[PDB]
file target-v3.cif (mmCIF, C-alpha atoms)
data_upload
#
loop_
_atom_site.group_PDB
_atom_site.id
_atom_site.type_symbol
_atom_site.label_atom_id
_atom_site.label_comp_id
_atom_site.auth_asym_id
_atom_site.auth_seq_id
_atom_site.Cartn_x
_atom_site.Cartn_y
_atom_site.Cartn_z
ATOM 1 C CA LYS I 1 18.451 -8.573 -20.165
ATOM 2 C CA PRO I 2 18.000 -10.917 -17.147
ATOM 3 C CA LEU I 3 15.344 -9.720 -14.689
ATOM 4 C CA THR I 4 16.378 -8.530 -11.218
ATOM 5 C CA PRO I 5 14.194 -7.336 -8.301
ATOM 6 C CA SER I 6 14.986 -3.751 -9.417
ATOM 7 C CA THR I 7 13.759 -4.108 -13.031
ATOM 8 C CA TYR I 8 10.772 -1.829 -13.650
ATOM 9 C CA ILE I 9 7.521 -3.556 -14.641
ATOM 10 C CA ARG I 10 7.107 -1.029 -17.495
ATOM 11 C CA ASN I 11 10.299 -2.471 -19.084
ATOM 12 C CA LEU I 12 9.155 -6.080 -19.245
ATOM 13 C CA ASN I 13 9.179 -7.451 -22.791
ATOM 14 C CA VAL I 14 6.110 -8.613 -24.728
ATOM 15 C CA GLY I 15 7.043 -12.293 -24.302
ATOM 16 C CA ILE I 16 7.189 -12.177 -20.514
ATOM 17 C CA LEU I 17 4.015 -10.111 -20.331
ATOM 18 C CA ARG I 18 2.102 -12.623 -22.491
ATOM 19 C CA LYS I 19 3.407 -15.533 -20.364
ATOM 20 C CA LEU I 20 2.475 -13.706 -17.152
ATOM 21 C CA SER I 21 -1.023 -13.345 -18.678
ATOM 22 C CA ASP I 22 -1.183 -17.108 -19.288
ATOM 23 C CA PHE I 23 -0.484 -17.689 -15.562
ATOM 24 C CA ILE I 24 -2.531 -14.839 -14.048
ATOM 25 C CA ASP I 25 -5.612 -14.328 -16.288
ATOM 26 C CA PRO I 26 -7.150 -17.740 -15.505
ATOM 27 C CA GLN I 27 -9.279 -18.355 -12.435
ATOM 28 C CA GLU I 28 -9.477 -14.617 -11.545
ATOM 29 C CA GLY I 29 -5.754 -14.506 -10.725
ATOM 30 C CA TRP I 30 -5.650 -10.993 -12.199
ATOM 31 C CA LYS I 31 -8.436 -9.906 -9.807
ATOM 32 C CA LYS I 32 -6.564 -11.267 -6.747
ATOM 33 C CA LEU I 33 -3.563 -9.286 -7.903
ATOM 34 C CA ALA I 34 -5.554 -6.122 -8.744
ATOM 35 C CA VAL I 35 -7.150 -6.042 -5.257
ATOM 36 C CA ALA I 36 -3.802 -6.656 -3.513
ATOM 37 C CA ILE I 37 -1.927 -3.641 -4.992
ATOM 38 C CA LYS I 38 -1.776 -0.757 -2.539
ATOM 39 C CA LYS I 39 -0.939 2.929 -2.837
ATOM 40 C CA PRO I 40 1.711 4.383 -0.494
ATOM 41 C CA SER I 41 -1.139 5.434 1.772
ATOM 42 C CA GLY I 42 -2.132 1.751 2.147
ATOM 43 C CA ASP I 43 -5.383 2.456 0.296
ATOM 44 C CA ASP I 44 -6.317 0.131 -2.615
ATOM 45 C CA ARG I 45 -4.919 1.376 -5.896
ATOM 46 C CA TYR I 46 -7.859 -0.159 -7.818
ATOM 47 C CA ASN I 47 -11.532 0.237 -6.761
ATOM 48 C CA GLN I 48 -14.435 -1.938 -7.772
ATOM 49 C CA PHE I 49 -15.101 0.130 -10.878
ATOM 50 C CA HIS I 50 -11.426 -0.060 -11.989
ATOM 51 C CA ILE I 51 -11.628 -3.805 -11.468
ATOM 52 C CA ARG I 52 -14.897 -4.051 -13.464
ATOM 53 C CA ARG I 53 -13.163 -2.156 -16.341
ATOM 54 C CA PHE I 54 -10.331 -4.732 -16.339
ATOM 55 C CA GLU I 55 -12.928 -7.559 -16.204
ATOM 56 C CA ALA I 56 -14.775 -6.308 -19.311
ATOM 57 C CA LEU I 57 -11.551 -6.777 -21.367
ATOM 58 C CA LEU I 58 -12.544 -10.431 -21.385
ATOM 59 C CA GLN I 59 -14.610 -10.365 -23.677
ATOM 60 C CA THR I 60 -13.020 -8.519 -26.531
ATOM 61 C CA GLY I 61 -10.353 -11.207 -26.310
ATOM 62 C CA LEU I 62 -8.067 -8.912 -24.290
ATOM 63 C CA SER I 63 -5.940 -9.600 -21.185
ATOM 64 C CA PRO I 64 -6.838 -8.045 -17.832
ATOM 65 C CA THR I 65 -3.316 -8.933 -16.549
ATOM 66 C CA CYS I 66 -1.733 -6.962 -19.364
ATOM 67 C CA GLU I 67 -3.962 -3.913 -18.786
ATOM 68 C CA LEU I 68 -3.288 -4.073 -15.044
ATOM 69 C CA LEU I 69 0.480 -4.331 -15.513
ATOM 70 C CA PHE I 70 0.476 -1.520 -18.098
ATOM 71 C CA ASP I 71 -1.482 0.746 -15.737
ATOM 72 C CA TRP I 72 0.332 -0.144 -12.553
ATOM 73 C CA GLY I 73 3.708 0.005 -14.359
ATOM 74 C CA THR I 74 3.251 3.803 -14.722
ATOM 75 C CA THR I 75 4.184 4.007 -11.024
ATOM 76 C CA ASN I 76 7.725 2.665 -11.476
ATOM 77 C CA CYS I 77 6.931 -0.437 -9.426
ATOM 78 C CA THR I 78 9.416 -3.275 -9.863
ATOM 79 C CA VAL I 79 9.639 -6.999 -10.615
ATOM 80 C CA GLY I 80 10.460 -7.317 -6.877
ATOM 81 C CA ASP I 81 7.167 -5.576 -5.969
ATOM 82 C CA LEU I 82 5.266 -7.872 -8.343
ATOM 83 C CA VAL I 83 6.918 -11.016 -7.010
ATOM 84 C CA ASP I 84 6.100 -9.940 -3.390
ATOM 85 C CA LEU I 85 2.441 -9.521 -4.386
ATOM 86 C CA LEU I 86 2.345 -12.858 -6.305
ATOM 87 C CA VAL I 87 3.816 -14.711 -3.298
ATOM 88 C CA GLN I 88 1.369 -12.933 -0.999
ATOM 89 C CA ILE I 89 -1.662 -14.035 -3.059
ATOM 90 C CA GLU I 90 -0.144 -17.522 -3.548
ATOM 91 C CA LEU I 91 0.275 -17.286 -7.305
ATOM 92 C CA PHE I 92 3.650 -18.962 -7.056
ATOM 93 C CA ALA I 93 3.964 -20.024 -10.691
ATOM 94 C CA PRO I 94 4.341 -16.491 -12.203
ATOM 95 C CA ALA I 95 6.558 -15.606 -9.252
ATOM 96 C CA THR I 96 8.924 -18.479 -10.232
ATOM 97 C CA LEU I 97 8.700 -17.277 -13.857
ATOM 98 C CA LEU I 98 10.228 -13.925 -12.850
ATOM 99 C CA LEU I 99 12.431 -14.512 -9.764
ATOM 100 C CA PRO I 100 12.806 -18.209 -9.014
ATOM 101 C CA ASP I 101 15.152 -17.553 -6.042
ATOM 102 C CA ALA I 102 12.592 -15.235 -4.410
ATOM 103 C CA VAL I 103 9.936 -17.951 -4.112
ATOM 104 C CA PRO I 104 9.375 -19.991 -0.891
ATOM 105 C CA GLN I 105 10.006 -23.685 -1.562
#
call {"tool": "encode", "arguments": {"input": "target-v3.cif", "output": "C-alpha cells"}}
result
Amino acid sequence: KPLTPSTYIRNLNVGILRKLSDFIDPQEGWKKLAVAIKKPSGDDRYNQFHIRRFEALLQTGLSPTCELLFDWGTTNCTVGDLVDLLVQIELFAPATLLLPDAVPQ
C-alpha cells in the first residue's frame, strides 16, 4: 500500500527498509538519525551506549538503520515523523524515497 505520513514505521515492508538502509547506513547517516530522535520529554531516546550497540552491528554485516527503525518503530512513530527527522538532518534522499512531496526543493 502507498505510504502516507500516517503509516507506522513498524509496518514498512522489507524492500523499503533495505533501501532506507542503503541511503542511511553510509557515512554515519544512521548515527545522525539516532541522535536526532527525541522522547516526548525532549530527552534523547538513544544514549551513547545505545548508539555504540547499533554501531557494533557493522561488523557482523548487519544494518544499524534497520535495528534503529525496528527499535524506534515500537513507539508507533510514523513515516511523517521519520521524514521530518530526515529533512532536519539533511538526509534528503531517503526522505524523497518515502514522501517526495514532503521534501523542500
call {"tool": "closest_residue", "arguments": {"input": "target-v3.cif", "among": "I:75, I:62, I:57, I:32", "to": "residue 87 in chain I", "atoms": "only C-alpha atoms"}}
result
I:32
call {"tool": "resolve_selection", "arguments": {"input": "target-v3.cif", "expression": "the PyMOL selection byres ((chain I and resi 30) around 10)", "output": "number ranges by chain"}}
result
I: 20-21, 23-29, 31-36, 51, 54-55, 63-69, 91
call {"tool": "residues_around", "arguments": {"input": "target-v3.cif", "residues": "residue 37 in chain I", "least_positions_apart": "3", "cutoff": "10 Å", "atoms": "all atoms listed in the file", "output": "PyMOL selection string"}}
result
chain I and resi 32-34+40+42-46+72+81-82+85
call {"tool": "closest_residue", "arguments": {"input": "target-v3.cif", "among": "I:56, I:49, I:70, I:92", "to": "residue 13 in chain I", "atoms": "only C-alpha atoms"}}
result
I:70
call {"tool": "axis_aligned_box", "arguments": {"input": "target-v3.cif", "around": "range 56-62 of chain I", "padding_each_side": "6 Å", "output": "lines of an AutoDock Vina configuration file"}}
result
center_x = -11.4
center_y = -8.8
center_z = -22.9
size_x = 18.7
size_y = 16.9
size_z = 19.2
call {"tool": "residues_around", "arguments": {"input": "target-v3.cif", "residues": "residue 99 in chain I", "least_positions_apart": "6", "cutoff": "10 Å", "atoms": "all atoms listed in the file", "output": "ChimeraX atom specification"}}
result
/I:2-5,79-80,82-83
call {"tool": "write_last_selection", "arguments": {"input": "target-v3.cif", "atoms": "C-alpha atoms", "output": "PDB file, in the frame of the given file"}}
result
ATOM      1  CA  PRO I   2      18.000 -10.917 -17.147  1.00  0.00           C
ATOM      2  CA  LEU I   3      15.344  -9.720 -14.689  1.00  0.00           C
ATOM      3  CA  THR I   4      16.378  -8.530 -11.218  1.00  0.00           C
ATOM      4  CA  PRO I   5      14.194  -7.336  -8.301  1.00  0.00           C
ATOM      5  CA  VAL I  79       9.639  -6.999 -10.615  1.00  0.00           C
ATOM      6  CA  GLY I  80      10.460  -7.317  -6.877  1.00  0.00           C
ATOM      7  CA  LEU I  82       5.266  -7.872  -8.343  1.00  0.00           C
ATOM      8  CA  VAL I  83       6.918 -11.016  -7.010  1.00  0.00           C
TER       9      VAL I  83
END
call {"tool": "closest_residue", "arguments": {"input": "target-v3.cif", "among": "I:98, I:77, I:104, I:53", "to": "residue 17 in chain I", "atoms": "all atoms listed in the file"}}
result
I:98
call {"tool": "closest_residue", "arguments": {"input": "target-v3.cif", "among": "I:41, I:78, I:48, I:59", "to": "residue 7 in chain I", "atoms": "only C-alpha atoms"}}
result
I:78
call {"tool": "closest_residue", "arguments": {"input": "target-v3.cif", "among": "I:58, I:22, I:74, I:38", "to": "residue 10 in chain I", "atoms": "all atoms listed in the file"}}
result
I:74
call {"tool": "atom_distance", "arguments": {"input": "target-v3.cif", "atom1": "CA of residue 12 in chain I", "atom2": "CA of residue 101 in chain I"}}
result
18.5 Å
